[PDB]
Every structure is written in C-alpha cells, then in structure tokens.
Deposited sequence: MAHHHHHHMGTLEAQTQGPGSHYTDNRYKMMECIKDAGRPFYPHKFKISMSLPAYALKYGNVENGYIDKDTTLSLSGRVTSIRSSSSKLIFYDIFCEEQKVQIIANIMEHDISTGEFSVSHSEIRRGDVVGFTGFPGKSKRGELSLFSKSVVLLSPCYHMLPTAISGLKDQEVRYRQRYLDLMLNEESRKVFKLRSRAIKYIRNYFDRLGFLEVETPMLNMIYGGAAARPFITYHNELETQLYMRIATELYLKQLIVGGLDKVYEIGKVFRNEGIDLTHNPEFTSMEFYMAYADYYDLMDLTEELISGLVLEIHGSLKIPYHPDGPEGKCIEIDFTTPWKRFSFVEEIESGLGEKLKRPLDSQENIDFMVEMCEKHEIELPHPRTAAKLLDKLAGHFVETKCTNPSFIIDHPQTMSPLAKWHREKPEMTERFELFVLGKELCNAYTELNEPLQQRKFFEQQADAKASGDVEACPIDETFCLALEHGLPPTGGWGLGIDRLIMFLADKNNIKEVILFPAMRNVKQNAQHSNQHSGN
C-alpha cells in the first residue's frame, strides 16, 4: 500500500523538521462525554472565548469547506465532538494553518485546544486554535465494517462498530451482576489451578503441556469442579470461580476450545435448590438487561427472522430417559449400560439416522439420543433432568429413580448453558465410576478422564451434602446480546 509507505515518509519528515513527533503526554481538560454534558445544551452559535480547553479523540471525518475553514469530527469514549478550525483563530507558533492541518488524516489520534460552544447550525463544537498529531493511522480506514477482519483485527471492529463495543460492555456488566449475586450470598471467589497433573470434571479432550521445573507433562483444566469440591471438604461452605477452561474440541458458531465457565459449590444444597437458584439468577439478569423476561433472538443473524425467548419461571422440565422414550415410541432396555441396551441404542440411532458416537459406550449413545430427541425441544430455557449415572460419574444417585442421578442441564435454543447436580460424596461409588470412566478412555473414549486419586482421598475426608453448578458465560452473552456466533462475544477468538 502506497498510503502506508507515504505515511511513514511524512512522519520521518515531521521528525526531521523538529515538528511534533508522538508527544508523550496530552493533558485533556475533560473527557468528550464530560464536554457534551457541560456544553451539549448551549444555544445555537454560543461561544465562550474566555475559556480555552484541550480535547482529544480519533478523527472520524475531515471536511475542508474552504482554504480558511476545516471541520473535524473526533470520537472518544462513545462521544462525537465537531472541531471547527478557522485560520483566523490559528496559533501560528504551532506552524502555518495549512502546514498544521496538512499533517492530519482520518483515523489519526489528535489533540485540539480551543473555545467551547455550538455552531450556528446547532452542532456541539470546539472552535480550535491548534491541532496536535498524537498518533497517526498509517492505513486507509473503511468508512464502516467482513466478520473475518472483525475477528482477526478486533481493534478495527471496536474502532468502527458501536454494536461490537456494546456486546463487550454487556459481557462485563453481566459478569459483574453475577459476582454481586454470589458475593451478597456470602460466597468466596477463588482461583484453582489451570495446569495440573490430572484433568477431569467434564467430557472433553485436554490440552497437554510440559513444565520445565516439575519435569513433567501437565494438562490444562477442562473444568474447575474437582478442585472447588475440595474447598467444600475444607469447610469454605460457598465458593465460586469464573475463568477459562480449555476443551481440545471443534471451532463453530457455539464452540471455542478456550472459553469462560463459572462454577459454584454450595454446602447443603441439592439439585432442586440449584434449579430454583438458576431460575432466580438468570431471570433476574435477563430482567436487569431487557426490562422483561421475553427477549429477542435472531437465530440466523440480523438479516434473518426474530423469535422471542421466554424466561418466565418456573421453566419446563424434561426427564432425560422418558423424553428419549417418547421420541422413540418405545423403552430403552434395562440396565441402561447393559450390552442389550447398547445394541438397542445403536439400532435406534441407525433407524432415526443419528450419527453414531465413537466409541459406542452407553453414555455416548444416550447423549446422541438426547441430542436428537430432547435438546431440540429446548427453545425457551428448559431443564433436562435425572441423567443416567452411566453418563454422570460425579453426580449423586437419584434418591427415587434407579440408575439415574440428581442432575440437570439448562438448554436455551437447543444449546447447553448450565450443568449441575447434587454432588456425589460417597467415595466407594465415586472410585468405581472413575474406574468405569478410565475403562471407557482405554477403549478409545477421547472424552473420558483418568482417575484422580487426590480427589478420592479428599472425598474420604468427608464432602458435606453439596450442590454444584456450571454456566457457560460466552453462551449466556450470546442470548443476552442476541449473537448467533460465539466469536461475537470473545474479544480475540483463535482463527485458522
């Protein structure tokens, strides 16, 4: 690009001529929002020539109306201010008017000094005496924005697209709301390690790395569960953690291998308590943001249809196995993890043209059948409940239903948002389920985790009856901000 090489040449020329070259410090009189709050409502043509102010922002527009008069727009902290540069007001000690303004381009970060007020046409303005080039833009900027450029050059998206800045402000506001809710209930916010000898607490492949000091391979965490439960053994009673987890899987509209999860553990809660809390927390946050529990969603982007998501509580419950059996029009075989039921579920996947998992474990077949028959019914927030033990190695046995657990998932628009259960606190069964998971792993289940003897020893010290819970923060922001691509709610998503 000629424009880039020429801009480097003009900056070298400015430097050699002893003209202002990347000043270290520009002292603003006030922010552009403060400027608009103070002067935004003066009458048309108002000027205070007794007040000189310094303002700064990025140039969004330059219009030289005449040889004597240049109009700028500058933008900073979500406020536009017009700058009116009249040759008659120009401070010639900064250079000749034409020379000073010839150094400025659209996209440059600049300072101005001048008098406040409003143009005769009613535009909030600074009537400038000087212009200082603080940091030039070496590229011709589009006038507006190509999802690929938006994600690979996120600074361009944020510079040019108000909608993008709104999503990240909403993300921060939602995380703050969630911390406030738990902090006021007396929860302790904690950090657990991201690099560990073992990994577990979800069904995903890990990232693997090497630690020079410990001279060992380590795994990045796929979840926080196994460490957070140790803090409940430790008596901290109520803990939460919001942070990154690393699942070495696919990239698509709803998956980013690196993503933000929240988990909390509450001593003395069961999964019934956690369903009520999920409804209160999420409906409260939706109300705070939207002013009602019925909110818009564009499942095919903003050029597509608009649907309504209804967060009115209480939410629909679907029983995992019963809803599959309704879909199939016949019963799964018992026990659910019998070879008989594995063969039957393979037959049902073939009959209903459901892609088979590998390996063909009872757990992975149940998951495929749920995906086809149950998750697809979950448009409004819906709980899928009472998952089989065989697919829920850390969930406590159901107090009424053989082979099931006290588990739920929250689904919105067919996507998982939450996963929660009455925690398994019985170490004999826990060890058995970990051995079964390790067997599935050794048979080629790349999503099954190795045994964690440190965790089993922690359970042997007595985990109180406990309820635990996870939330996908990125997926939450997708619904709250109405984005159908997870890359919209992550500042720098990893790209090909």
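- Missing from the model relative to the deposited sequence are positions 1 to 20, 166 to 169, 521 to 535 (no C-alpha coordinates, numbering from 1).
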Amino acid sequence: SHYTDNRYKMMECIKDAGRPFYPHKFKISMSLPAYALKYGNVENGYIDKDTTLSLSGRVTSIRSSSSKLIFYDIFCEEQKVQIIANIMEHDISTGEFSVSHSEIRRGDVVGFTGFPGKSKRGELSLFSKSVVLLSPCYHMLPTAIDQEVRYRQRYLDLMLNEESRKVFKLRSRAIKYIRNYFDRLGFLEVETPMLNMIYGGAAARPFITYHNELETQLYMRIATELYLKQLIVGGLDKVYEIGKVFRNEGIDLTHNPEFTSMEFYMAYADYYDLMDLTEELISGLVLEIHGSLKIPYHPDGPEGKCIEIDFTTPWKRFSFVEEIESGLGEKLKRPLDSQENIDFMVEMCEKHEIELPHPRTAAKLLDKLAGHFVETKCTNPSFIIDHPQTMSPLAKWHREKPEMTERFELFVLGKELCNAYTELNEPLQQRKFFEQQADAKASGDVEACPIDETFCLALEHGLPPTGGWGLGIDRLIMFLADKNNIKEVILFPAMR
From here on, numbers count along this sequence of modelled residues.
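- Of the two segments, 360 to 368 and 280 to 288, the one listed with the higher mean B-factor is 360 to 368 (C-alpha atoms only).
- Averaged over CA atoms, B-factors in the entry run higher in 301 to 309 than in the other of 301 to 309 and 114 to 122.
- For the set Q436, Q430, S29, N41, the PDB entry assigns the largest Cα B-factor to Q436.
- Listed residues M404, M345, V245, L133 were ranked by CA B-factor as deposited; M345 comes out on top.
- Split the chain's modelled residues into thirds by C-alpha temperature factor. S319 is in the middle one.
- In the deposited entry, the Cα temperature factor of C349 sits in the top third of values across the chain's modelled residues.
- Ranked by C-alpha B-factor against the other modelled residues of its chain, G45 falls in the middle third.
- Per-chain ranking of the deposited C-alpha B factor places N419 in the lowest third.
- Ranked by C-alpha B-factor against the other modelled residues of its chain, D146 falls in the highest third.
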